[PDB]
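S.K.: First, the structure itself, so that you have it in front of you.
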Amino acid sequence: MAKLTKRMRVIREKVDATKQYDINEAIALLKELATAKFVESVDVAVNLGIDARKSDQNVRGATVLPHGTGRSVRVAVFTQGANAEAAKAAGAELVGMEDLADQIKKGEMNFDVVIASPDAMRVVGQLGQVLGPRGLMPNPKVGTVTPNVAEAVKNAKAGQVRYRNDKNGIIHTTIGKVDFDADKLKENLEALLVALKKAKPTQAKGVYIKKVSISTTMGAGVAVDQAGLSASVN
Amino acid sequence: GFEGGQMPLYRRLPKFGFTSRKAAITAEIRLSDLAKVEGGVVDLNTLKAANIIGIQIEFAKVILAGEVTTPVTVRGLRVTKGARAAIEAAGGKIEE
Amino acid sequence: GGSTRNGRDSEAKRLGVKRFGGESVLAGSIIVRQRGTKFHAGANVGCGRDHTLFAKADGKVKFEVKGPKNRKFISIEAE
Amino acid sequence: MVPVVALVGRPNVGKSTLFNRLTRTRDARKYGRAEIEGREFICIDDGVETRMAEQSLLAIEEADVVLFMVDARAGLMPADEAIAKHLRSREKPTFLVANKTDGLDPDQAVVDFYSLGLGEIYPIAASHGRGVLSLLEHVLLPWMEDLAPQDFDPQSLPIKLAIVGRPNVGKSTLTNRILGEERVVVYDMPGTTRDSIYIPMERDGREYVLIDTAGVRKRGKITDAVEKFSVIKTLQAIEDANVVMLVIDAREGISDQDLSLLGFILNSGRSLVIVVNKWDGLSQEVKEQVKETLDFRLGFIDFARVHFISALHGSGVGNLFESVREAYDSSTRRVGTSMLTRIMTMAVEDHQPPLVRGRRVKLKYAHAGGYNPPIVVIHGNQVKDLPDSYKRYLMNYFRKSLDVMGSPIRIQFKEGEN
RNA sequence: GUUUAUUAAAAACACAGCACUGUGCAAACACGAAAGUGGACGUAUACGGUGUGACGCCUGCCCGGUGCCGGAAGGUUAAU
RNA sequence: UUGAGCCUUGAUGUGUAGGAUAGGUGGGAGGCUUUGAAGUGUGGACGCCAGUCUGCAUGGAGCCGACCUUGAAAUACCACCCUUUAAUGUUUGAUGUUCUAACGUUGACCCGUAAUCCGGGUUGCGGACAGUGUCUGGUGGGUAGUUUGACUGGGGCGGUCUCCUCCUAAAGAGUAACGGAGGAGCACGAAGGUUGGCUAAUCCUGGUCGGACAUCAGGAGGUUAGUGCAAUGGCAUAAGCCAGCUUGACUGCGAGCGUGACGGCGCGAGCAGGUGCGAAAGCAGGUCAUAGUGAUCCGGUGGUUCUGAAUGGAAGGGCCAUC
């Protein structure tokens with residue numbers, strides 16, 4: 001079972017106890033530290049409170065962010081009675097209810113990001129029974145259960161950051177890879193950091209942001225020179 | 001203002017306004033308080049030589065009223081659409 | 001029984017007759033718990049919720065039954 | 001053997017609201033069914049109470065079909081998703097409905113919901129009227145293919161009993177015993193009343209109630225925001241009885257509220273049997289003979305019968321079952337103008353009907369206006385010509401000359417002769 | 001025996017005797033915010049309380065041992 | 001002596017599929033994890049042990065998964081925190097025992113003082129207790145302030161109090177009584193909307209099974225039926241009754257009326273905007289009409305910038321909606 005909690009004690013004793021690091025320095029560090037064999041993940045582990053409401057906490061999904069770059073994804077814009085007819089004028093991407101309808105019901109899919117109005121969305125990104133991915137899968141939520149379609153296509157075309165686990169009040173968001181550049185990464189954090197302050201209007205504690213921490217794997221992680229706080233949005 | 005043990009009629013009505021406080025520092029001066037222009041220049045702090053106007057002024061509007069036919073100033077004073085209409089027609093500064 | 005659960009409170013019917021001012025709404029016949037026993041007709045659309053004669057814009061009561069039989073017909077003819 | 005809609009949708013909320021709107025049958029009470037056309041079927045109803053998880057878990061496995069519920073303002077909720085998953089694995093069919101559907105025409109259903117490991121979410125009605133029709137039809141069709149289970153003698157009804165007492169004692173636990181001797185939990189709720197309330201349930205046909213507000217071991221689906229609603233229930237407990245049981249403790253019983261509670265019982269006009277529960281841990285010189293004596297002197301002519309049980313031992317268990325039956329026989333006793341008139345004569349001769357304003361009154365027969373709580377109406381002189389006291393004196397006499405281990409008996413007086 | 005002075009003398013109140021309980025001394029208890037004091041220069045055959053009412057005569061029922069009675073939870077006896 | 005607050009180890013997740021054992025991977029099938037890497041207990045969905053069982057005791061294969069499938073998922077390299085569980089670091093509180101040094105000493109003596117008070121000192125005994133101060137739970141008619149209507153053919157007794165209809169009710173109207181009679185505390189998204197359509201009871205007579213019909217057949221009859229739930233007024237232009245189709249139980253306003261002391265309550269066309277249905281005219285602003293409920297507070301929900309005390313935000317409050 002548990003032999004000795006020694007290998008983890010010496011390691012955590014190095015770089016965690018809220019040792020606040022330059023965001024960029026952290027990333028520089030992040031690729032290796034203890035013998036983790038290949039370049040790893042950049043994560044932010046954000047701790048949010050409570051149960052009974054979420055705004056972007058335990059999301060089996062992806063939301064649009066300032067600085068969407070990091071990845072770009074496949075996108076189809078489903079335009080049915082909604083802010084679709086504004087999307088038809090917009091003419092960005094491909095907009096069409098009944099042809100994209102077919103394409104949805106065909107047998108095969110690849111347009112991961114369904115910007116959607118009513119019919120398409122249910123198919124792609126949610127389905128299965130005991131759903132869950134090969135390691136990654138077409139995801140459902142993309143804020144088109146908060147439908148807008150035209151402006152949505154601009155945001156959509158650009159890309160998008162997926163994060164997911166289950167049910168804990170602490171919202172983890174995987175910031176990116178280390179095959180993405182250090183300063184672009186910083187910007188990913190800052191973007192999510194601005195969003196979160198935004199998030200949650202429903203009082204349960206008036207500062208909902210505890211730890212902005214940045215971490216990788218193999219007992220390797222650090223804290224951020226916290227800069228998410230309430231003052232406006234920073 | 002009573003009515004025995006039949007219920008207060010105003011306790012048979014609700015409350016509903018709301019104060020401004022800004023309000024008390026918003027004064028209301030007239031067109032014919034350019035009669036008291038006392039200097040060719042309409043300036044808030046000259047109109048206190050008239051004492052026509054608040055001690056703790058922070059705001060004021062100039063409203064209609066009779067005419068005086070003279071150059072005026074008006075800066076930092078609000079002036080109404082109708083109010084400014086004829087004191088424009090007497091010459092005088094009046095841009096704000 | 002032994003009861004005396006009472007109090008009456010609808011009131012009002014047939015206010016005025018014939019020339020009635022003339023007015024955009026008349027009471028005409030607001031005439032209650034009925035729809036016929038003062039039957040609608042003339043210068044006025046609809047039989048009100050409680051059955052109202054209330055002008056088309058104006059009206060003296062014209063009254064007076066019609067059809068081959070039937071009703072008693074209250075009619076409104078403009079003032 | 002037989003289907004049950006079996007509402008779930010997270011532990012609480014409007015979940016109940018929907019059952020009342022699907023039911024209409026009270027006093028069958030709980031279990032309990034929702035009727036549609038010909039066929040009627042039952043209905044059944046983080047970090048939540050351990051007891052409340054155990055009942056709910058108990059409900060869904062016997063459950064035969066299930067209904068999982070979402071609100072208008074509710075959407076997303078991983079906990080709901082877990083409950084939904086549990087249901088799939090264990091294997092019974094589930095339909096996904098959404099409570100007081102609202103929105104602004106069907107929109108956000110079905111879109112979130114496909115991830116729910118369930119597909120088509122039907123939106124409902126309960127405060128409008130179209131949205132109930134689809135659900136009832138869906139269930140109907142398989143259920144139509146099938147066709148599953150759907151003086152008057154003392155034995156014409158099975159004996160009705162409640163278990164009332166303090167807002168302290170773990171009465172609900174004593175309730176679990178009374179229903180048990182099987183060593184099994186039983187306070188699994190189903191829903192069949194108008195609104196969110198409450199268990200009377202029957203075993204052996206005969207009805208038991210659990211009542212008051214907290215400490216009772218009322219930790220339920222919730223419905224009494226204040227101290228008040230619960231009382232609305234105990235008054236139900238009165239309606240349903242011909243027997244009530246008062247649990248009192250020997251270490252928090254006879255509180256001020258409680259002695260009032262017994263005083264109330266007298267109004268309640270239903271048979272009193274007095275229970276003392278969790279009484280194996282009390283001190284060897286009991287406190288408590290005197291506690292019995294103060295209640296005795298108030299005084300309750302009935303048959304007592306004191307019980308000293310625990311819900312965590314059981315001693316009194318048989319003696320309670322027995323006492324209620326004996327009490328019911330006396331209470332429900334076949335009566336009859338003859339008996340009453342004959343014993344009465346003795347009484348008035350012996351101790352003297354009251355005189356009023358130099359005119360002596362006159363009694364002249366009694367008859368029974370019903371027996372179950374025994375009422376008599378005696379036609380004599382005027383209402384004020386007796387004091388309530390003499391009424392009671394003559395009543396007490398009858399209570400004496402023919403056994404009434406049962407409830408207080410009632411006497412009336414009518415006038416016509418004067 | 002005692003008593004409603006200034007309506008009411010008794011069957012009322014008291015009382016020995018009896019009964020019951022509480023209290024181990026820095027006592028119970030009582031007064032006195034407490035200090036102190038009384039209780040007591042005493043000391044469980046007492047002390048305090050409470051209660052009943054001479055006297056005589058009407059039989060006042062111990063749960064421990066072991067057993068019994070009802071009951072369940074168990075033990076013990078069962079099918080196994 | 002012994003509970004538990006925290007700390008990091010433990011490893012994984014029952015339907016066909018799924019090898020079983022599919023909590024939760026950025027990215028997703030290199031990492032030369034060099035060492036010749038493994039199948040052998042905790043773990044694990046669940047004991048459904050199996051086997052697959054563990055970075056979890058063997059050396060035996062290039063440095064090595066010894067690449068995926070396939071479902072929802074599952075094999076290059078792994079990642080993101082939970083339920084759970086230890087081992088270890090602890091952190092802290094209980095009990096257990098003993099002590100003395102606070103503290104107690106209504107023990108004994110010495111002493112101010114040839115003073116039962118007291119004080120100081122010595123010693124004996126108790127002892128971190130006891131007790132008390134705060135805080136704090138339970139109890140508490142002992143003590144304390146007061147509460148316990150009104151109508152009313154004397155009151156109390158009783159019965160009754162709102163809301164509706166009818167009659168009394170004197171023929172505009174309006175209406176007393178402890179008058180006489182009865183009811184109501186909703187129901188209902190179809191029972192609504194709209195189009196198109198359809199036309200009873202009750203009785204005769206005749207016909208399988210057919211009984212005072214159960215259907216069928218005709219005749220008489222003329223709305224006495226039936227109205228969502230009284231009772232009444234009203235009801236064929238049906239309001240009934242049947243079906244298609246719809247979602248106006250829309251929205252923002254409102255001439256002008258009735259009817260209330262006031263609180264106020266009701267009717268109301270049309271315009272405007274948007275809608276819906278209907279071939280089109282047109283109809284649709286909840287229900288046959290008449291009952292189905294309540295001020296004011298104060299707080300909850302959602303929206304708004306309106307407010308907002310140095311100054312910006314931010315709270316609370318107003319507003320709009322709703323509980």
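Each chain in the structure tokens gets a letter, A, B and so on, in the order shown; residues start at 1 in every chain, and ligands are counted from 1 in the order they appear.
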What residues in chain D have any atom no more than 7 Å from chain A when counting only C-alpha atoms, and can you write them as a VMD selection string?
M.R.: chain D and resid 78 107 to 108 111 114 to 115 117
S.K.: Using C-alpha atoms, can you write the selected residues to a file as an mmCIF file, in the first residue's frame?
M.R.:
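File produced: result-v7.cif:
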data_model
loop_
_atom_site.group_PDB
_atom_site.id
_atom_site.type_symbol
_atom_site.label_atom_id
_atom_site.label_comp_id
_atom_site.auth_asym_id
_atom_site.auth_seq_id
_atom_site.Cartn_x
_atom_site.Cartn_y
_atom_site.Cartn_z
ATOM 1 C CA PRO D 78 -23.052 17.230 -12.257
ATOM 2 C CA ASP D 107 -35.536 25.665 -26.623
ATOM 3 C CA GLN D 108 -32.855 24.748 -24.178
ATOM 4 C CA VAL D 111 -29.769 20.714 -26.210
ATOM 5 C CA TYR D 114 -28.308 14.841 -24.725
ATOM 6 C CA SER D 115 -25.039 14.718 -22.697
ATOM 7 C CA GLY D 117 -26.696 9.949 -20.941
#
S.K.: What residues in chain A lie within 9 Å of chain F, counting only C-alpha atoms (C1' of nucleotides), written as number ranges by chain?
M.R.: A: 1-9, 12, 35-38, 40-43, 45, 127-136, 162-168, 170-177, 216-217, 231-232
S.K.: Output the selection as a compact mmCIF listing (two decimals), in the first residue's frame - N, CA and C atoms for each residue.
M.R.:
# COMPACT_ATOMS: atom_id res chain seq x y z
N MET A 1 0.80 -1.27 0.00
CA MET A 1 0.00 0.00 0.00
C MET A 1 0.86 1.36 0.00
N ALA A 2 1.06 2.07 1.19
CA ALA A 2 1.88 3.28 1.29
C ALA A 2 3.06 3.04 2.15
N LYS A 3 4.24 2.92 1.50
CA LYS A 3 5.54 2.65 2.09
C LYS A 3 6.16 3.65 2.83
N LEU A 4 6.04 4.88 2.27
CA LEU A 4 6.67 6.02 2.95
C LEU A 4 6.33 7.07 2.02
N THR A 5 5.92 8.25 2.60
CA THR A 5 5.52 9.34 1.82
C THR A 5 6.77 10.25 1.58
N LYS A 6 7.94 9.66 1.62
CA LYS A 6 9.29 10.31 1.49
C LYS A 6 9.63 10.94 0.15
N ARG A 7 9.47 10.19 -0.98
CA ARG A 7 9.74 10.70 -2.37
C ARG A 7 8.92 12.00 -2.70
N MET A 8 7.71 12.22 -2.10
CA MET A 8 6.85 13.29 -2.38
C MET A 8 7.18 14.43 -1.45
N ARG A 9 7.50 14.15 -0.19
CA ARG A 9 7.93 15.12 0.83
C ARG A 9 9.16 15.94 0.33
N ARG A 12 8.09 18.34 -2.98
CA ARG A 12 7.15 19.40 -2.64
C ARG A 12 7.91 20.44 -1.75
N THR A 35 12.29 13.80 -12.95
CA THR A 35 12.39 13.05 -14.24
C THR A 35 11.04 12.72 -14.80
N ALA A 36 10.47 13.60 -15.62
CA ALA A 36 9.22 13.41 -16.34
C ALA A 36 9.65 13.49 -17.72
N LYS A 37 9.40 12.39 -18.47
CA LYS A 37 10.20 12.10 -19.62
C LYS A 37 9.56 12.48 -20.93
N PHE A 38 9.65 13.75 -21.25
CA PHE A 38 9.18 14.43 -22.47
C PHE A 38 8.77 15.76 -21.81
N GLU A 40 5.97 18.40 -20.81
CA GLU A 40 4.66 18.13 -20.30
C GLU A 40 3.64 19.20 -20.57
N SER A 41 2.64 19.26 -19.73
CA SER A 41 1.54 20.21 -19.72
C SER A 41 1.79 21.45 -18.94
N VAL A 42 1.26 22.60 -19.50
CA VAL A 42 1.09 23.79 -18.65
C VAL A 42 -0.34 23.81 -18.15
N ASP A 43 -0.56 23.91 -16.80
CA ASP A 43 -1.94 23.97 -16.25
C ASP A 43 -2.01 25.19 -15.39
N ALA A 45 -4.26 25.74 -11.92
CA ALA A 45 -5.23 25.20 -10.99
C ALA A 45 -5.73 26.30 -10.20
N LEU A 127 -23.46 13.06 -26.81
CA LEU A 127 -24.03 11.79 -27.30
C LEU A 127 -23.36 10.71 -26.45
N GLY A 128 -23.14 9.52 -27.03
CA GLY A 128 -22.66 8.40 -26.27
C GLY A 128 -23.65 8.04 -25.23
N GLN A 129 -23.25 7.12 -24.35
CA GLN A 129 -24.14 6.81 -23.23
C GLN A 129 -23.20 7.20 -22.10
N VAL A 130 -22.19 6.28 -21.89
CA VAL A 130 -21.24 6.55 -20.80
C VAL A 130 -20.10 7.39 -21.43
N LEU A 131 -20.39 8.55 -22.12
CA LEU A 131 -19.55 9.33 -22.84
C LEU A 131 -18.25 9.71 -22.19
N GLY A 132 -17.26 10.08 -23.06
CA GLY A 132 -16.00 10.36 -22.49
C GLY A 132 -15.15 10.04 -23.65
N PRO A 133 -13.89 10.59 -23.70
CA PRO A 133 -13.18 10.71 -24.93
C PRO A 133 -12.03 9.70 -25.16
N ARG A 134 -11.47 9.61 -26.42
CA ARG A 134 -10.38 8.75 -26.70
C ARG A 134 -9.15 9.21 -25.96
N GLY A 135 -9.12 10.56 -25.87
CA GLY A 135 -8.33 11.21 -24.88
C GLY A 135 -8.78 12.65 -24.96
N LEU A 136 -9.33 12.96 -26.12
CA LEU A 136 -9.99 14.15 -26.48
C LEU A 136 -11.15 13.68 -27.44
N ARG A 162 -10.30 24.12 -24.03
CA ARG A 162 -10.96 23.03 -23.31
C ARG A 162 -10.22 22.65 -22.03
N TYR A 163 -11.05 22.51 -20.99
CA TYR A 163 -10.69 22.09 -19.65
C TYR A 163 -11.81 21.12 -19.20
N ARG A 164 -11.53 19.99 -18.46
CA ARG A 164 -12.54 19.13 -17.82
C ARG A 164 -12.10 18.14 -16.83
N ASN A 165 -12.86 17.94 -15.68
CA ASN A 165 -12.69 16.90 -14.73
C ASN A 165 -14.14 16.78 -14.29
N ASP A 166 -14.40 16.66 -12.95
CA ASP A 166 -15.72 16.47 -12.42
C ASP A 166 -15.90 17.16 -11.05
N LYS A 167 -17.05 17.89 -10.92
CA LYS A 167 -17.69 18.29 -9.71
C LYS A 167 -17.10 19.04 -8.55
N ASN A 168 -15.76 19.30 -8.50
CA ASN A 168 -15.15 19.92 -7.40
C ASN A 168 -15.29 21.39 -7.58
N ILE A 170 -13.24 23.69 -7.26
CA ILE A 170 -12.00 24.25 -7.67
C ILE A 170 -11.96 23.98 -9.17
N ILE A 171 -11.83 25.04 -10.00
CA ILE A 171 -11.85 25.01 -11.42
C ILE A 171 -10.38 25.10 -11.95
N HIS A 172 -10.04 23.95 -12.55
CA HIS A 172 -8.83 23.63 -13.24
C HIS A 172 -9.05 24.06 -14.68
N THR A 173 -7.99 24.65 -15.27
CA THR A 173 -8.09 24.99 -16.70
C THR A 173 -6.71 24.82 -17.23
N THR A 174 -6.62 23.82 -18.17
CA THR A 174 -5.37 23.54 -18.84
C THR A 174 -5.04 24.55 -19.87
N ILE A 175 -3.96 25.26 -19.62
CA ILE A 175 -3.62 26.53 -20.28
C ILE A 175 -3.06 26.24 -21.65
N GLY A 176 -2.28 25.17 -21.72
CA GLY A 176 -1.78 24.84 -23.05
C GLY A 176 -0.69 23.82 -22.89
N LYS A 177 0.09 23.71 -24.01
CA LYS A 177 1.24 22.83 -24.17
C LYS A 177 2.47 23.68 -23.94
N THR A 216 2.52 21.61 -13.35
CA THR A 216 2.65 20.48 -14.25
C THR A 216 2.52 19.30 -13.31
N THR A 217 3.10 18.19 -13.74
CA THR A 217 2.86 16.88 -13.18
C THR A 217 4.19 16.40 -12.68
N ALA A 231 -10.48 44.43 -8.45
CA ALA A 231 -10.15 45.86 -8.39
C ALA A 231 -10.92 46.45 -9.50
N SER A 232 -11.19 45.64 -10.57
CA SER A 232 -12.08 45.87 -11.67
C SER A 232 -12.20 44.59 -12.32
S.K.: Using DSSP on the backbone coordinates, identify all residues within segment 11-85 of chain B classified as helix (DSSP H, G or I); present the result as a list in words.
M.R.: residues 31, 32, 33, 81, 82, 83, 84 and 85 of chain B
S.K.: Please write the residues from the selection above to a file, keeping N, CA and C atoms, as a PDB file, in the first residue's frame.
M.R.:
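File produced: selection-v3.pdb:
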ATOM      1  N   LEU B  31     -34.010  82.798 -16.060  1.00  0.00           N
ATOM      2  CA  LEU B  31     -33.683  83.798 -17.096  1.00  0.00           C
ATOM      3  C   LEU B  31     -33.649  85.196 -16.577  1.00  0.00           C
ATOM      4  N   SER B  32     -34.542  85.481 -15.564  1.00  0.00           N
ATOM      5  CA  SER B  32     -34.735  86.821 -15.070  1.00  0.00           C
ATOM      6  C   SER B  32     -33.930  86.888 -13.854  1.00  0.00           C
ATOM      7  N   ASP B  33     -32.985  85.937 -13.654  1.00  0.00           N
ATOM      8  CA  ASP B  33     -31.983  86.028 -12.650  1.00  0.00           C
ATOM      9  C   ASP B  33     -30.695  86.358 -13.356  1.00  0.00           C
ATOM     10  N   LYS B  81     -33.064  74.277 -23.307  1.00  0.00           N
ATOM     11  CA  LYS B  81     -33.224  74.423 -24.687  1.00  0.00           C
ATOM     12  C   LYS B  81     -33.915  75.732 -25.057  1.00  0.00           C
ATOM     13  N   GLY B  82     -34.973  76.016 -24.185  1.00  0.00           N
ATOM     14  CA  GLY B  82     -35.776  77.162 -24.427  1.00  0.00           C
ATOM     15  C   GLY B  82     -35.195  78.312 -23.782  1.00  0.00           C
ATOM     16  N   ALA B  83     -34.556  78.019 -22.645  1.00  0.00           N
ATOM     17  CA  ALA B  83     -33.945  79.062 -21.943  1.00  0.00           C
ATOM     18  C   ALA B  83     -32.837  79.789 -22.679  1.00  0.00           C
ATOM     19  N   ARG B  84     -31.976  79.064 -23.430  1.00  0.00           N
ATOM     20  CA  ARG B  84     -30.863  79.657 -24.019  1.00  0.00           C
ATOM     21  C   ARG B  84     -31.315  80.363 -25.222  1.00  0.00           C
ATOM     22  N   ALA B  85     -32.493  79.967 -25.771  1.00  0.00           N
ATOM     23  CA  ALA B  85     -32.934  80.394 -27.038  1.00  0.00           C
ATOM     24  C   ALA B  85     -32.844  81.888 -27.230  1.00  0.00           C
TER      25      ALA B  85
END
S.K.: Write out as a CSV table (one decimal) with N, CA, C and O atoms, in the first residue's frame which residues come within 10 Å of residue 24 of chain B when counting only C-alpha atoms (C1' of nucleotides), dropping same-chain ones fewer than 5 positions away.
M.R.:
chain,number,residue,atom,x,y,z
B,19,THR,N,-34.7,59.6,-2.5
B,19,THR,CA,-33.9,60.9,-2.3
B,19,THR,C,-32.8,61.0,-3.3
B,19,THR,O,-32.5,60.0,-3.9
B,54,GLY,N,-27.4,79.2,-4.3
B,54,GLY,CA,-27.0,78.3,-3.2
B,54,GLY,C,-25.5,78.6,-2.7
B,54,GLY,O,-24.6,79.2,-3.4
B,56,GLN,N,-23.7,76.1,-1.3
B,56,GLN,CA,-23.1,74.8,-1.5
B,56,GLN,C,-23.4,74.2,-2.8
B,56,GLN,O,-23.7,73.1,-3.1
B,57,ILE,N,-23.5,75.2,-3.8
B,57,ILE,CA,-23.7,74.9,-5.2
B,57,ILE,C,-22.7,74.0,-5.7
B,57,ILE,O,-21.5,74.3,-5.6
B,58,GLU,N,-23.2,73.1,-6.5
B,58,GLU,CA,-22.3,72.3,-7.2
B,58,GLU,C,-22.9,72.3,-8.5
B,58,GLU,O,-22.2,72.3,-9.5
B,59,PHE,N,-24.2,72.4,-8.6
B,59,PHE,CA,-24.9,72.3,-9.9
B,59,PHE,C,-25.8,73.4,-10.0
B,59,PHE,O,-26.3,73.8,-8.9
S.K.: How would you write, as an NGL selection string, the set of residues in segment 28-224 of chain A that DSSP gives as strand (DSSP E or B)?
M.R.: :A and (41-47 or 61-63 or 75-77 or 95 or 113-115 or 141 or 161-163 or 170-177 or 212-215 or 221-224)
S.K.: So that each row is one residue of chain F with an atom at most 7 Å from chain B, can you give its shortest atom pair and the distance in Å to one decimal, using only C-alpha atoms (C1' of nucleotides), rows by chain and rising number, as JSON lines?
M.R.:
{"residue": "F:263", "atom": "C1'", "partner": "B:12", "partner_atom": "CA", "distance": 6.6}
{"residue": "F:295", "atom": "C1'", "partner": "B:12", "partner_atom": "CA", "distance": 4.8}
{"residue": "F:296", "atom": "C1'", "partner": "B:11", "partner_atom": "CA", "distance": 4.6}
{"residue": "F:307", "atom": "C1'", "partner": "B:20", "partner_atom": "CA", "distance": 7.0}
{"residue": "F:318", "atom": "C1'", "partner": "B:18", "partner_atom": "CA", "distance": 5.2}
S.K.: Can you spit out the residues from that selection as a PDB file, in the first residue's frame, using N, CA and C atoms (P, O5', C5', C4', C3', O3' and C1' of nucleotides)?
M.R.:
ATOM      1  P     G F 263     -59.899  56.531  -3.132  1.00  0.00           P
ATOM      2  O5'   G F 263     -59.401  55.185  -2.413  1.00  0.00           O
ATOM      3  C5'   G F 263     -58.193  55.112  -1.675  1.00  0.00           C
ATOM      4  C4'   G F 263     -57.878  53.714  -1.051  1.00  0.00           C
ATOM      5  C3'   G F 263     -57.901  52.515  -1.946  1.00  0.00           C
ATOM      6  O3'   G F 263     -56.669  52.375  -2.663  1.00  0.00           O
ATOM      7  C1'   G F 263     -58.916  52.016   0.124  1.00  0.00           C
ATOM      8  P     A F 295     -52.722  42.849   0.703  1.00  0.00           P
ATOM      9  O5'   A F 295     -52.733  44.348   0.779  1.00  0.00           O
ATOM     10  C5'   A F 295     -53.139  45.069  -0.364  1.00  0.00           C
ATOM     11  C4'   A F 295     -53.604  46.359   0.247  1.00  0.00           C
ATOM     12  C3'   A F 295     -52.402  47.009   0.979  1.00  0.00           C
ATOM     13  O3'   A F 295     -51.801  47.757   0.009  1.00  0.00           O
ATOM     14  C1'   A F 295     -53.952  46.816   2.537  1.00  0.00           C
ATOM     15  P     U F 296     -50.263  47.565  -0.250  1.00  0.00           P
ATOM     16  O5'   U F 296     -49.713  48.212   1.007  1.00  0.00           O
ATOM     17  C5'   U F 296     -50.007  49.437   1.404  1.00  0.00           C
ATOM     18  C4'   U F 296     -49.470  49.541   2.858  1.00  0.00           C
ATOM     19  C3'   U F 296     -48.136  48.885   2.967  1.00  0.00           C
ATOM     20  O3'   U F 296     -47.078  49.682   2.369  1.00  0.00           O
ATOM     21  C1'   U F 296     -49.343  48.451   4.832  1.00  0.00           C
ATOM     22  P     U F 307     -27.644  58.439 -11.148  1.00  0.00           P
ATOM     23  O5'   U F 307     -27.897  58.136  -9.662  1.00  0.00           O
ATOM     24  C5'   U F 307     -28.697  58.968  -8.786  1.00  0.00           C
ATOM     25  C4'   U F 307     -28.866  58.183  -7.536  1.00  0.00           C
ATOM     26  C3'   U F 307     -27.544  58.045  -6.879  1.00  0.00           C
ATOM     27  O3'   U F 307     -27.259  59.191  -6.154  1.00  0.00           O
ATOM     28  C1'   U F 307     -28.718  56.090  -6.757  1.00  0.00           C
ATOM     29  P     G F 318     -35.902  49.639  -1.426  1.00  0.00           P
ATOM     30  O5'   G F 318     -36.110  50.748  -2.580  1.00  0.00           O
ATOM     31  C5'   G F 318     -36.577  52.040  -2.235  1.00  0.00           C
ATOM     32  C4'   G F 318     -36.500  52.941  -3.474  1.00  0.00           C
ATOM     33  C3'   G F 318     -37.173  52.507  -4.724  1.00  0.00           C
ATOM     34  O3'   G F 318     -38.560  52.765  -4.684  1.00  0.00           O
ATOM     35  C1'   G F 318     -34.986  53.307  -5.309  1.00  0.00           C
TER      36        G F 318
END
S.K.: Determine, counting only C-alpha atoms (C1' of nucleotides), which protein, DNA and RNA residues have an atom within 10 Å of an atom of segment 145-151 of chain D; residues of the same chain fewer than 6 positions away are not included. Present the result as a ChimeraX atom specification.
M.R.: /D:1-3,33,35,38-42,333-336,370-371
S.K.: Between C:21, C:59, C:67, C:36, which residue has the minimum interatomic distance to chain F, considering only C-alpha atoms (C1' of nucleotides)?
M.R.: C:36
S.K.: Near chain F, which residues of chain C fall within 7 Å when you count only C-alpha atoms (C1' of nucleotides), and what do they look like as a ChimeraX atom specification?
M.R.: /C:23-27,33-36,48,50
S.K.: What does the structure give for the distance between atom CA of residue 196 of chain A and atom CA of residue 208 of chain A, in Å to one decimal?
M.R.: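 Computed distance, atom CA of residue 196 of chain A to atom CA of residue 208 of chain A, equals 8.7 Å.
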S.K.: Please identify every residue of chain F that has at least one atom no more than 9 Å from any atom of chain D, counting only C-alpha atoms (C1' of nucleotides), and report them as a ChimeraX atom specification.
M.R.: /F:14-15,157-158,188-190
